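Have a look below at one chain only, the form deposited in one PDB entry, in structure tokens format.
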């Protein structure tokens, strides 16, 4: 879990919107079962895609401001950013194989 960026409402603009590379943002909360199910999957993606993709997490309980800006209505929601713009989104939990397909669909 060492390579995942810990986002806040204040750092979101700098860490995501002003970044150039691709960033996969996980909107999550501790009370969300499916969010905890995909947490180890995100760790593997962060390791596997090192140097090509940054994985980041935004806790919506601690950071209530960001999710509404992207019309997020439920968690977990994965937002894939490229050049500060949403390239794709995925609502709900998914397997590692499905998340790899999701990323390759955007490559």
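Positions refer to the first chain, counted from 1.
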Which has the higher mean CA temperature factor in the PDB entry, 12-20 or 92-100? 12-20
For the C-alpha atoms alone, is the average B factor greater in 30-38 or in 62-70, going by the entry? 62-70
Looking at the entry's B-factor column for C-alpha atoms only, identify whether residue 54 ranks in the lowest, middle or highest third of its chain. middle
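The same protein also exists as the form solved in complex with a partner chain; that form is not shown, yet it is the one meant from here on.
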Test of understanding: in the entry with it bound, would residue 73 fall inside 4.5 Å of its partner chain by heavy atoms? yes
Partner proximity in the entry with it bound: residue 92 to its partner chain, non-hydrogen atom cutoff 4.5 Å: yes
Flag residue 53 as yes or no: does it have a non-hydrogen atom within 4.5 angstroms of any non-hydrogen atom of its partner chain in the entry with it bound? no
Report whether the minimum heavy atom distance between residue 42 and its partner chain in the entry with it bound is within 4.5 Å. no
